[PDB]
Amino acid sequence: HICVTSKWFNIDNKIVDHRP
Amino acid sequence: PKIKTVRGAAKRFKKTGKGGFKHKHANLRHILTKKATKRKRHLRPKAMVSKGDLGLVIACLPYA
Amino acid sequence: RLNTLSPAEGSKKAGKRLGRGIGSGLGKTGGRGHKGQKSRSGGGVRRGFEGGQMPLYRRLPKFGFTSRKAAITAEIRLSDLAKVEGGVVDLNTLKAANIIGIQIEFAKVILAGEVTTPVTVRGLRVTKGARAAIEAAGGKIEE
Amino acid sequence: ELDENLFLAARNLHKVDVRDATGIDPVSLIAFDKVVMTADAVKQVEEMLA
RNA sequence: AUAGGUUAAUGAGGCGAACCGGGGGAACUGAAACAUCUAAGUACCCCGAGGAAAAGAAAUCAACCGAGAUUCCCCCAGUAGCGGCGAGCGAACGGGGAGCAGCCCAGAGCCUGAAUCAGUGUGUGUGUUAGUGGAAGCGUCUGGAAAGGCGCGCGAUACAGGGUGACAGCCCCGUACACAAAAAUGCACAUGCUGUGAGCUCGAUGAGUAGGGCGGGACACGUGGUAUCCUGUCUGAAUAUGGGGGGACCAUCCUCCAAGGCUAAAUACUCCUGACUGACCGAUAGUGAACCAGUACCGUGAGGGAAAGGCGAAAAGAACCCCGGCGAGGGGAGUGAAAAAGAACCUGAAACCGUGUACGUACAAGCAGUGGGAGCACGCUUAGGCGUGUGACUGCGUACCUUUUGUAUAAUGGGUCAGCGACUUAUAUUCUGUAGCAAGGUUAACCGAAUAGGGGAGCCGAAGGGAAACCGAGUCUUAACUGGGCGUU
Ligand SMILES: N[C@@H](Cc1c[nH]c2ccccc12)C(=O)O
Ligand SMILES: N[C@@H](Cc1c[nH]c2ccccc12)C(=O)O
Ligand SMILES: [Mg+2]
Ligand SMILES: [Mg+2]
Ligand SMILES: [Mg+2]
Ligand SMILES: [Mg+2]
Ligand SMILES: [Mg+2]
Ligand SMILES: [Mg+2]
Ligand SMILES: [Mg+2]
Ligand SMILES: [Mg+2]
Ligand SMILES: [Mg+2]
Ligand SMILES: [Mg+2]
Ligand SMILES: [Mg+2]
Ligand SMILES: [Mg+2]
Ligand SMILES: [Mg+2]
Ligand SMILES: [Mg+2]
Ligand SMILES: [Mg+2]
Ligand SMILES: [Mg+2]
Ligand SMILES: [Mg+2]
Ligand SMILES: [Mg+2]
Ligand SMILES: [Mg+2]
Ligand SMILES: [Mg+2]
Ligand SMILES: [Mg+2]
Ligand SMILES: [Mg+2]
């Protein structure tokens with residue numbers, strides 16, 4: 001199809017720092 | 001390409017008759033005055049490289 | 001008859017392939033073992049290297065000195081000379097019989113046994129045992 | 001010594017080839033069902049192989 | 001008088017795959033870190049040129065015998081040497097081969113345009129850019145179709161190859177072979193025209209150079225005892241009774257003539273033309289591209305960059321009828337060997353999703369199978385606790401990989417299928433097997449009647465010991481071994 005464009009981000013984003 | 005002899009070793013061993021290698025003893029190049037004459041005396045004549053190091057030397061001198 | 005020829009038995013060993021399955025005997029790891037520098041593409045350590053320890057060919061002292069004159073001296077066996085072609089074994093001549101090599105400028109005759117045809121050797125050196133063998137075969141040794 | 005006519009004939013016969021004395025190679029000797037060879041060639045080969 | 005200005009005649013300019021010479025010139029990396037060193041004068045930028053480029057006619061090697069421009073190939077040899085003597089770098093002498101070629105200027109006199117070179121016109125020959133001729137097969141069987149099988153003929157200087165309804169020497173196109181150019185051209189010669197100098201006599205013989213000092217760079221050579229070459233800088237000769245080199249340096253000897261140039265071949269390369277070849281790929285392979293691909297697409301831009309081949313022998317590509325919205329899609333009909341080859345078209349696997357039938361399943365707890373095992377459905381057999389399918393009930397039973405002292409692990413990896421996806425290649429060296437020959441074995445390049453034959457330059461071995469001179473079945477150690485070390489089988 002024409003149908004062919006994927007610009008998948010970076011992870012997605014929000015949160016996490018999980019105690020250091 | 002031809003192997004290159006590990007040039008440093010070439011200048012410290014000589015293939016002997018049966019295929020041994022003979023070398024000069026260490027410990028006889030300086031700080032001598034404090035060493036027994038007996039010790040220094042025994043360090044003059046060349047000696048055969050031991051069985052354990054043969055592997056090394058040969059790999060250094062393919063064209064020995 | 002061009003499909004009835006076959007090579008001598010045990011002249012064509014197959015030769016390790018490795019990396020092809022459990023049965024093969026050399027699967028997965030391919031006889032390289034587990035991990036370390038020695039596995040891994042382009043692994044290994046250079047010749048003489050024996051861990052960071054000072055290597056044998058460096059603990060021991062140099063003792064060279066190359067004659068350079070020696071490089072142009074040949075040694076001759078008694079077994080030669082018969083093959084010199086002309087009963088005169090000369091400074092070269094041997095050279096022409098391809099038993100010395102052009103660059104040579106010196107030569108001893110060495111009791112390396114067996115001389116028969118009487119021969120006169122000229123301009124060479126010759127050991128005590130060689131002289132004796134030559135002479136005892138009707139040979140002559142003029143300088 | 002090989003001649004013109006003997007060569008041009010056989011160029012098109014498939015199972016038959018003609019070679020001079022020097023042209024003898026190992027596969028061919030085995031290749032064909034019969035090797036002919038003139039008695040003249042035999043003497044050539046006799047020497048070539050010593 | 002110059003600079004300046006107008007006109008004119010010539011030539012330049014830009015593009016282009018590599019090979020080539022020149023101006024500049026990295027870092028990753030290697031050294032198991034890192035400065036010297038390496039990567040490497042590589043990558044890259046730049047300038048320039050040719051069909052080749054460059055190099056070249058000894059101020060070269062040799063070693064007292066000799067060789068005789070340059071270039072390329074094999075040796076010499078991973079040797080001599082260089083080297084934080086680390087990592088690494090790495091010659092030459094001499095030998096075997098390819099190809100061979102030698103000339104001008106530094107000048108005036110006479111004789112003068114005489115050799116020659118290029119540019120050019122013509123001629124000729126020879127290649128090129130269209131072409132021509134080119135042998136010989138029929139019968140029958142199977143089939144939709146014969147080139148296939150079987151039979152019997154025929155051509156072959158032609159059985160290279162492609163095509164044709166399945167595999168064709170004789171159907172077609174060719175092939176071998178023999179021929180052909182009106183015109184334009186590459187290449188040779190032969191001359192015409194232009195430009196150019198030949199020849200003899202007598203001369204001349206490359207100075208801000210050689211060398212040196214300082215700083216760098218090149219030489220295999222890292223300043224080292226370092227010859228030699230190049231020069232940014234400051235200097236600066238001799239001139240044939242002269243000068244350069246022979247690896248510090250001096251003598252003797254030997255050998256060459258710098259400070260001007262030209263020069264063909266053996267050597268390099270393939271954007272492109274023609275022909276031929278492959279134990280090269282066959283559509284996720286092979287070019288990124290078998291296809292209207294540097295396209296569609298993405299990016300402001302530089303720039304990145306796909307997917308996607310096959311109906312049939314032949315379109316004979318489905319007239320006409322029926323349901324339907326003058327639809328989509330479908331069923332008939334018809335074409336065809338085949339329509340289950342219908343264009344979403346050869347083959348049509350697997351994941352995945354349904355319809356149909358047999359058997360099990362709604363009191364039962366877990367890697368889901370395995371050992372047992374009734375019933376049911378089905379075939380059997382003549383029964384005979386037999387084959388197939390299902391599998392109540394029941395014993396046992398925590399997947400795979402990896403990684404680990406150890407994993408059901410609640411530690412890694414995998415949603416599934418299909419296709420692809422990882423110990424290769426070259427050159428050295430050593431060992432084993434095997435083969436040849438044997439105190440010998442074998443050639444490299446190259447020649448080539450081209451896997452032959454030639455070529456033994458050379459390499460390995462037959463002798464070792466010693467740093468070395470040297471000695472030699474011994475030798476080294478020491479004044480010397482009763483000895484000892486390495487060797488002699
Ligand atoms: N939530 C994010 C983690 C995250 C935190 N900060 C971010 C910034 C940018 C991208 C991702 C992240 C994740 O799923 O991984
Ligand atoms: N660590 C904090 C805040 C936070 C959110 N996203 C983050 C990304 C990066 C660093 C910190 C954060 C939390 O998770 O509550
Ligand atoms: Mg000392
Ligand atoms: Mg592993
Ligand atoms: Mg480990
Ligand atoms: Mg290991
Ligand atoms: Mg020789
Ligand atoms: Mg490093
Ligand atoms: Mg002379
Ligand atoms: Mg024709
Ligand atoms: Mg024909
Ligand atoms: Mg001169
Ligand atoms: Mg030139
Ligand atoms: Mg493709
Ligand atoms: Mg396919
Ligand atoms: Mg189909
Ligand atoms: Mg129940
Ligand atoms: Mg349950
Ligand atoms: Mg329970
Ligand atoms: Mg653990
Ligand atoms: Mg373990
Ligand atoms: Mg367990
Ligand atoms: Mg779980
Ligand atoms: Mg897990």
# chains A, B, ... in the order shown; residues from 1 in each chain; ligands from 1

$ residues_near_ligand --ligand "ligand 19" --cutoff "10 Å" --atoms "only C-alpha atoms (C1' of nucleotides) and all ligand atoms" --output "list in words"
residues 364, 365 and 366 of chain E

$ residues_around --residues "residue 43 of chain B" --least-positions-apart "6" --cutoff "12 Å" --atoms "only C-alpha atoms (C1' of nucleotides)" --output "ChimeraX atom specification"
/B:23-29,32,35-37 /C:60-61

$ atom_distance --atom1 "atom CA of residue 45 of chain D" --atom2 "atom CA of residue 21 of chain D"
6.7 Å

$ interface_residues --of "chain B" --to "chain C" --cutoff "8 Å" --atoms "only C-alpha atoms" --output "list in words"
residues 6, 8, 9, 11, 12, 23, 24, 25, 26, 53, 56, 57, 59 and 60 of chain B

$ residues_near_ligand --ligand "ligand 11" --cutoff "8 Å" --atoms "only C-alpha atoms (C1' of nucleotides) and all ligand atoms" --output "PyMOL selection string"
chain E and resi 134-135+174

$ residues_around --residues "residue 15 of chain D" --least-positions-apart "2" --cutoff "10 Å" --atoms "only C-alpha atoms (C1' of nucleotides)" --output "list in words"
residues 10, 11, 12, 13, 17, 31, 32 and 33 of chain D

$ closest_atom_pairs --of "chain E" --to "chain C" --cutoff "12 Å" --atoms "only C-alpha atoms (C1' of nucleotides)" --output "JSON lines"
{"residue": "E:30", "atom": "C1'", "partner": "C:46", "partner_atom": "CA", "distance": 11.4}
{"residue": "E:31", "atom": "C1'", "partner": "C:46", "partner_atom": "CA", "distance": 11.3}
{"residue": "E:32", "atom": "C1'", "partner": "C:45", "partner_atom": "CA", "distance": 8.1}
{"residue": "E:76", "atom": "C1'", "partner": "C:103", "partner_atom": "CA", "distance": 11.0}
{"residue": "E:79", "atom": "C1'", "partner": "C:71", "partner_atom": "CA", "distance": 10.8}
{"residue": "E:80", "atom": "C1'", "partner": "C:68", "partner_atom": "CA", "distance": 8.6}
{"residue": "E:81", "atom": "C1'", "partner": "C:66", "partner_atom": "CA", "distance": 11.0}
{"residue": "E:85", "atom": "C1'", "partner": "C:62", "partner_atom": "CA", "distance": 9.6}
{"residue": "E:86", "atom": "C1'", "partner": "C:58", "partner_atom": "CA", "distance": 9.8}
{"residue": "E:87", "atom": "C1'", "partner": "C:46", "partner_atom": "CA", "distance": 10.1}
{"residue": "E:93", "atom": "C1'", "partner": "C:103", "partner_atom": "CA", "distance": 9.2}
{"residue": "E:94", "atom": "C1'", "partner": "C:103", "partner_atom": "CA", "distance": 6.9}
{"residue": "E:95", "atom": "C1'", "partner": "C:102", "partner_atom": "CA", "distance": 8.3}
{"residue": "E:401", "atom": "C1'", "partner": "C:28", "partner_atom": "CA", "distance": 11.3}
{"residue": "E:402", "atom": "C1'", "partner": "C:28", "partner_atom": "CA", "distance": 11.1}
{"residue": "E:403", "atom": "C1'", "partner": "C:34", "partner_atom": "CA", "distance": 10.5}
{"residue": "E:404", "atom": "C1'", "partner": "C:34", "partner_atom": "CA", "distance": 11.8}
{"residue": "E:422", "atom": "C1'", "partner": "C:19", "partner_atom": "CA", "distance": 8.5}
{"residue": "E:423", "atom": "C1'", "partner": "C:18", "partner_atom": "CA", "distance": 7.0}
{"residue": "E:424", "atom": "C1'", "partner": "C:17", "partner_atom": "CA", "distance": 10.9}
{"residue": "E:432", "atom": "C1'", "partner": "C:13", "partner_atom": "CA", "distance": 10.3}
{"residue": "E:433", "atom": "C1'", "partner": "C:11", "partner_atom": "CA", "distance": 5.9}
{"residue": "E:434", "atom": "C1'", "partner": "C:11", "partner_atom": "CA", "distance": 4.3}
{"residue": "E:435", "atom": "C1'", "partner": "C:8", "partner_atom": "CA", "distance": 8.2}
{"residue": "E:439", "atom": "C1'", "partner": "C:79", "partner_atom": "CA", "distance": 10.0}
{"residue": "E:440", "atom": "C1'", "partner": "C:79", "partner_atom": "CA", "distance": 11.8}
{"residue": "E:456", "atom": "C1'", "partner": "C:98", "partner_atom": "CA", "distance": 9.0}
{"residue": "E:457", "atom": "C1'", "partner": "C:101", "partner_atom": "CA", "distance": 10.8}
{"residue": "E:458", "atom": "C1'", "partner": "C:101", "partner_atom": "CA", "distance": 10.1}
{"residue": "E:462", "atom": "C1'", "partner": "C:77", "partner_atom": "CA", "distance": 8.8}
{"residue": "E:463", "atom": "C1'", "partner": "C:112", "partner_atom": "CA", "distance": 7.8}
{"residue": "E:464", "atom": "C1'", "partner": "C:110", "partner_atom": "CA", "distance": 11.1}
{"residue": "E:466", "atom": "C1'", "partner": "C:67", "partner_atom": "CA", "distance": 11.6}
{"residue": "E:467", "atom": "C1'", "partner": "C:65", "partner_atom": "CA", "distance": 5.6}
{"residue": "E:468", "atom": "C1'", "partner": "C:67", "partner_atom": "CA", "distance": 6.4}
{"residue": "E:469", "atom": "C1'", "partner": "C:67", "partner_atom": "CA", "distance": 9.0}
{"residue": "E:470", "atom": "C1'", "partner": "C:70", "partner_atom": "CA", "distance": 10.2}
{"residue": "E:471", "atom": "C1'", "partner": "C:127", "partner_atom": "CA", "distance": 8.4}
{"residue": "E:472", "atom": "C1'", "partner": "C:110", "partner_atom": "CA", "distance": 6.5}
{"residue": "E:473", "atom": "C1'", "partner": "C:111", "partner_atom": "CA", "distance": 7.8}
{"residue": "E:474", "atom": "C1'", "partner": "C:111", "partner_atom": "CA", "distance": 10.5}
{"residue": "E:488", "atom": "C1'", "partner": "C:112", "partner_atom": "CA", "distance": 11.5}

$ residues_near_ligand --ligand "ligand 6" --cutoff "8 Å" --atoms "only C-alpha atoms (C1' of nucleotides) and all ligand atoms" --output "PDB file with N, CA, C and O atoms, in the first residue's frame"
ATOM      1  N   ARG C  32      36.306 -23.911  21.057  1.00  0.00           N
ATOM      2  CA  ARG C  32      37.005 -22.722  21.522  1.00  0.00           C
ATOM      3  C   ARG C  32      36.899 -22.554  23.024  1.00  0.00           C
ATOM      4  O   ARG C  32      37.648 -21.765  23.602  1.00  0.00           O
ATOM      5  N   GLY C  33      35.975 -23.266  23.663  1.00  0.00           N
ATOM      6  CA  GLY C  33      35.798 -23.147  25.105  1.00  0.00           C
ATOM      7  C   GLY C  33      34.846 -22.030  25.481  1.00  0.00           C
ATOM      8  O   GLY C  33      34.173 -21.488  24.618  1.00  0.00           O
ATOM      9  N   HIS C  34      34.792 -21.667  26.761  1.00  0.00           N
ATOM     10  CA  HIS C  34      33.873 -20.619  27.217  1.00  0.00           C
ATOM     11  C   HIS C  34      34.592 -19.345  27.548  1.00  0.00           C
ATOM     12  O   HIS C  34      35.437 -19.288  28.421  1.00  0.00           O
ATOM     13  N   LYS C  35      34.267 -18.336  26.759  1.00  0.00           N
ATOM     14  CA  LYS C  35      34.662 -16.955  26.967  1.00  0.00           C
ATOM     15  C   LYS C  35      36.165 -16.746  26.947  1.00  0.00           C
ATOM     16  O   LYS C  35      36.938 -17.661  26.666  1.00  0.00           O
ATOM     17  N   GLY C  36      36.568 -15.525  27.274  1.00  0.00           N
ATOM     18  CA  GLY C  36      37.964 -15.182  27.341  1.00  0.00           C
ATOM     19  C   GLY C  36      38.500 -14.689  26.014  1.00  0.00           C
ATOM     20  O   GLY C  36      37.902 -14.885  24.955  1.00  0.00           O
ATOM     21  N   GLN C  37      39.694 -14.119  26.091  1.00  0.00           N
ATOM     22  CA  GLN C  37      40.354 -13.514  24.948  1.00  0.00           C
ATOM     23  C   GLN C  37      40.548 -14.534  23.836  1.00  0.00           C
ATOM     24  O   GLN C  37      40.456 -14.192  22.669  1.00  0.00           O
ATOM     25  N   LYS C  38      40.833 -15.781  24.192  1.00  0.00           N
ATOM     26  CA  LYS C  38      41.133 -16.809  23.190  1.00  0.00           C
ATOM     27  C   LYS C  38      39.931 -17.251  22.358  1.00  0.00           C
ATOM     28  O   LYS C  38      40.123 -17.770  21.257  1.00  0.00           O
ATOM     29  N   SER C  39      38.710 -17.089  22.874  1.00  0.00           N
ATOM     30  CA  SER C  39      37.525 -17.218  22.035  1.00  0.00           C
ATOM     31  C   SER C  39      37.432 -15.936  21.276  1.00  0.00           C
ATOM     32  O   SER C  39      38.369 -15.172  21.261  1.00  0.00           O
TER      33      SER C  39
END

$ residues_around --residues "residue 18 of chain D" --least-positions-apart "3" --cutoff "12 Å" --atoms "only C-alpha atoms (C1' of nucleotides)" --output "tab-separated table (two decimals) with N, CA and C atoms, in the first residue's frame"
chain	number	residue	atom	x	y	z
D	1	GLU	N	53.11	-36.64	-36.88
D	1	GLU	CA	53.46	-35.24	-37.09
D	1	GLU	C	52.20	-34.40	-37.33
D	2	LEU	N	51.07	-35.08	-37.59
D	2	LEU	CA	49.76	-34.43	-37.72
D	2	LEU	C	49.63	-33.73	-39.07
D	3	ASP	N	48.51	-33.99	-39.72
D	3	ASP	CA	48.25	-33.48	-41.06
D	3	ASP	C	46.91	-32.77	-41.14
D	4	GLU	N	46.75	-31.98	-42.19
D	4	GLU	CA	45.59	-31.12	-42.32
D	4	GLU	C	44.31	-31.94	-42.35
D	5	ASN	N	44.23	-32.89	-43.28
D	5	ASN	CA	42.97	-33.59	-43.52
D	5	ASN	C	42.51	-34.42	-42.34
D	6	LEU	N	43.44	-35.10	-41.67
D	6	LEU	CA	43.06	-35.97	-40.56
D	6	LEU	C	42.45	-35.17	-39.43
D	7	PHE	N	42.87	-33.92	-39.29
D	7	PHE	CA	42.34	-33.04	-38.26
D	7	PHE	C	40.94	-32.49	-38.58
D	8	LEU	N	40.69	-32.08	-39.82
D	8	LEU	CA	39.42	-31.45	-40.17
D	8	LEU	C	38.27	-32.46	-40.16
D	9	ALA	N	38.58	-33.68	-40.61
D	9	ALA	CA	37.72	-34.80	-40.32
D	9	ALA	C	37.90	-34.98	-38.84
D	10	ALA	N	36.92	-35.53	-38.14
D	10	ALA	CA	36.97	-35.72	-36.67
D	10	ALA	C	36.73	-34.44	-35.87
D	11	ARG	N	36.89	-33.28	-36.50
D	11	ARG	CA	36.57	-32.07	-35.77
D	11	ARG	C	35.12	-32.15	-35.41
D	12	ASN	N	34.34	-32.82	-36.26
D	12	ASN	CA	32.90	-32.90	-36.07
D	12	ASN	C	32.45	-34.27	-35.59
D	13	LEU	N	33.32	-35.28	-35.67
D	13	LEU	CA	32.99	-36.54	-35.00
D	13	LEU	C	33.26	-36.33	-33.51
D	14	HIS	N	32.25	-36.66	-32.71
D	14	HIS	CA	32.21	-36.23	-31.32
D	14	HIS	C	33.05	-37.11	-30.40
D	15	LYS	N	32.97	-38.42	-30.59
D	15	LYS	CA	33.69	-39.34	-29.72
D	15	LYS	C	35.14	-39.58	-30.16
D	21	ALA	N	51.95	-35.79	-31.24
D	21	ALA	CA	52.62	-36.60	-30.25
D	21	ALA	C	52.76	-35.85	-28.93
D	22	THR	N	52.95	-34.54	-29.02
D	22	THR	CA	53.13	-33.74	-27.83
D	22	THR	C	51.80	-33.51	-27.12
D	23	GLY	N	50.70	-33.63	-27.85
D	23	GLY	CA	49.41	-33.27	-27.30
D	23	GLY	C	48.79	-34.27	-26.34
D	24	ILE	N	49.53	-35.31	-26.04
D	24	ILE	CA	49.03	-36.34	-25.15
D	24	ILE	C	48.89	-35.84	-23.71
D	28	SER	N	42.66	-37.67	-21.44
D	28	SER	CA	42.30	-38.22	-22.73
D	28	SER	C	42.66	-39.70	-22.89
D	29	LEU	N	43.87	-40.09	-22.48
D	29	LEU	CA	44.31	-41.48	-22.59
D	29	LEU	C	43.26	-42.38	-21.98
D	32	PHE	N	39.01	-41.85	-23.90
D	32	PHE	CA	38.48	-42.58	-25.04
D	32	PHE	C	38.56	-44.10	-24.85
D	35	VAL	N	42.79	-46.00	-27.67
D	35	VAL	CA	43.77	-45.01	-28.13
D	35	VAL	C	44.51	-45.63	-29.33
D	36	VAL	N	44.57	-44.95	-30.49
D	36	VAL	CA	45.22	-45.61	-31.64
D	36	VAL	C	46.73	-45.38	-31.63
D	37	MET	N	47.24	-44.21	-32.00
D	37	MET	CA	48.70	-43.99	-32.00
D	37	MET	C	49.47	-44.66	-33.15
D	38	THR	N	50.11	-43.87	-34.01
D	38	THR	CA	50.95	-44.45	-35.08
D	38	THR	C	52.25	-44.94	-34.47

$ interface_residues --of "chain B" --to "chain E" --cutoff "10 Å" --atoms "only C-alpha atoms (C1' of nucleotides)" --output "PyMOL selection string"
chain B and resi 1-8+11+16-18+20+22+44-48+58-59+61-63

$ select_by_dssp --residues "chain B" --states "alpha helix (DSSP H)" --output "PyMOL selection string"
chain B and resi 7-10+37-42+54-60

$ residues_near_ligand --ligand "ligand 12" --cutoff "12 Å" --atoms "only C-alpha atoms (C1' of nucleotides) and all ligand atoms" --output "PyMOL selection string"
chain E and resi 59+106+204-206+239-240+243-244+256-260

$ residues_near_ligand --ligand "ligand 9" --cutoff "9 Å" --atoms "only C-alpha atoms (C1' of nucleotides) and all ligand atoms" --output "ChimeraX atom specification"
/E:64,66,254-255

$ write_last_selection --atoms "N, CA, C and O atoms (P, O5', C5', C4', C3', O3' and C1' of nucleotides)" --output "PDB file, in the first residue's frame"
ATOM      1  P     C E  64      88.964  -8.718  -6.005  1.00  0.00           P
ATOM      2  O5'   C E  64      90.066  -8.306  -7.076  1.00  0.00           O
ATOM      3  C5'   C E  64      89.654  -7.945  -8.386  1.00  0.00           C
ATOM      4  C4'   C E  64      90.706  -7.172  -9.123  1.00  0.00           C
ATOM      5  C3'   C E  64      92.148  -7.571  -8.818  1.00  0.00           C
ATOM      6  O3'   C E  64      92.915  -7.468 -10.014  1.00  0.00           O
ATOM      7  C1'   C E  64      91.863  -5.279  -8.438  1.00  0.00           C
ATOM      8  P     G E  66      89.421  -9.111 -16.131  1.00  0.00           P
ATOM      9  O5'   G E  66      88.071  -8.444 -15.604  1.00  0.00           O
ATOM     10  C5'   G E  66      86.987  -8.161 -16.476  1.00  0.00           C
ATOM     11  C4'   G E  66      85.646  -8.405 -15.815  1.00  0.00           C
ATOM     12  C3'   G E  66      84.518  -7.544 -16.357  1.00  0.00           C
ATOM     13  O3'   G E  66      83.975  -8.039 -17.570  1.00  0.00           O
ATOM     14  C1'   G E  66      84.509  -7.435 -13.994  1.00  0.00           C
ATOM     15  P     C E 254      94.781   1.948 -10.138  1.00  0.00           P
ATOM     16  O5'   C E 254      93.241   1.583 -10.029  1.00  0.00           O
ATOM     17  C5'   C E 254      92.804   0.235 -10.028  1.00  0.00           C
ATOM     18  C4'   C E 254      91.329   0.170  -9.737  1.00  0.00           C
ATOM     19  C3'   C E 254      90.432   0.946 -10.693  1.00  0.00           C
ATOM     20  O3'   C E 254      90.140   0.248 -11.894  1.00  0.00           O
ATOM     21  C1'   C E 254      89.848   1.483  -8.470  1.00  0.00           C
ATOM     22  P     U E 255      89.731   1.064 -13.223  1.00  0.00           P
ATOM     23  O5'   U E 255      88.382   1.773 -12.798  1.00  0.00           O
ATOM     24  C5'   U E 255      87.247   0.988 -12.485  1.00  0.00           C
ATOM     25  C4'   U E 255      86.122   1.832 -11.956  1.00  0.00           C
ATOM     26  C3'   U E 255      85.659   2.926 -12.893  1.00  0.00           C
ATOM     27  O3'   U E 255      84.801   2.429 -13.908  1.00  0.00           O
ATOM     28  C1'   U E 255      85.910   3.807 -10.713  1.00  0.00           C
TER      29        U E 255
END

$ closest_atom_pairs --of "chain C" --to "chain D" --cutoff "12 Å" --atoms "only C-alpha atoms" --output "JSON lines"
{"residue": "C:1", "atom": "CA", "partner": "D:30", "partner_atom": "CA", "distance": 6.3}
{"residue": "C:2", "atom": "CA", "partner": "D:30", "partner_atom": "CA", "distance": 6.3}
{"residue": "C:3", "atom": "CA", "partner": "D:30", "partner_atom": "CA", "distance": 10.0}
{"residue": "C:4", "atom": "CA", "partner": "D:30", "partner_atom": "CA", "distance": 10.7}
{"residue": "C:5", "atom": "CA", "partner": "D:30", "partner_atom": "CA", "distance": 10.3}

$ select_by_dssp --residues "segment 36-113 of chain C" --states "strand (DSSP E or B)" --output "ChimeraX atom specification"
/C:50,52,73-75,88-90,106-108

$ write_last_selection --atoms "C-alpha atoms" --output "PDB file, in the first residue's frame"
ATOM      1  CA  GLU C  50      53.622 -14.807  28.324  1.00  0.00           C
ATOM      2  CA  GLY C  52      52.591  -9.255  31.172  1.00  0.00           C
ATOM      3  CA  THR C  73      82.944 -19.493   2.462  1.00  0.00           C
ATOM      4  CA  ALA C  74      81.568 -22.828   1.341  1.00  0.00           C
ATOM      5  CA  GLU C  75      82.413 -26.314   2.533  1.00  0.00           C
ATOM      6  CA  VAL C  88      90.976 -30.469 -11.375  1.00  0.00           C
ATOM      7  CA  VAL C  89      88.999 -29.199  -8.373  1.00  0.00           C
ATOM      8  CA  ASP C  90      89.597 -25.463  -8.539  1.00  0.00           C
ATOM      9  CA  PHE C 106      86.767 -19.730   0.136  1.00  0.00           C
ATOM     10  CA  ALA C 107      86.398 -23.433   0.585  1.00  0.00           C
ATOM     11  CA  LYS C 108      87.568 -26.368   2.652  1.00  0.00           C
TER      12      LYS C 108
END

$ atom_distance --atom1 "atom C1' of residue 220 of chain E" --atom2 "atom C1' of residue 37 of chain E"
14.9 Å

$ residues_near_ligand --ligand "ligand 10" --cutoff "12 Å" --atoms "only C-alpha atoms (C1' of nucleotides) and all ligand atoms" --output "PDB file with C-alpha atoms (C1' of nucleotides), in the first residue's frame"
ATOM      1  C1'   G E 131      26.405  -6.886 -45.965  1.00  0.00           C
ATOM      2  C1'   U E 132      26.392 -12.264 -49.446  1.00  0.00           C
ATOM      3  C1'   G E 133      26.266 -17.418 -50.251  1.00  0.00           C
ATOM      4  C1'   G E 134      26.194 -21.292 -46.920  1.00  0.00           C
ATOM      5  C1'   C E 173      18.161 -18.388 -37.457  1.00  0.00           C
ATOM      6  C1'   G E 174      23.040 -19.827 -37.646  1.00  0.00           C
ATOM      7  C1'   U E 175      27.672 -22.494 -37.495  1.00  0.00           C
ATOM      8  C1'   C E 179      33.166 -13.999 -50.312  1.00  0.00           C
TER       9        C E 179
END

$ interface_residues --of "chain E" --to "chain D" --cutoff "10 Å" --atoms "only C-alpha atoms (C1' of nucleotides)" --output "VMD selection string"
chain E and resid 156 to 159 169 176 449 451 to 453

$ residues_near_ligand --ligand "ligand 13" --cutoff "12 Å" --atoms "only C-alpha atoms (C1' of nucleotides) and all ligand atoms" --output "list in words"
residues 21, 53, 54, 55, 56, 57, 70, 261, 262 and 263 of chain E
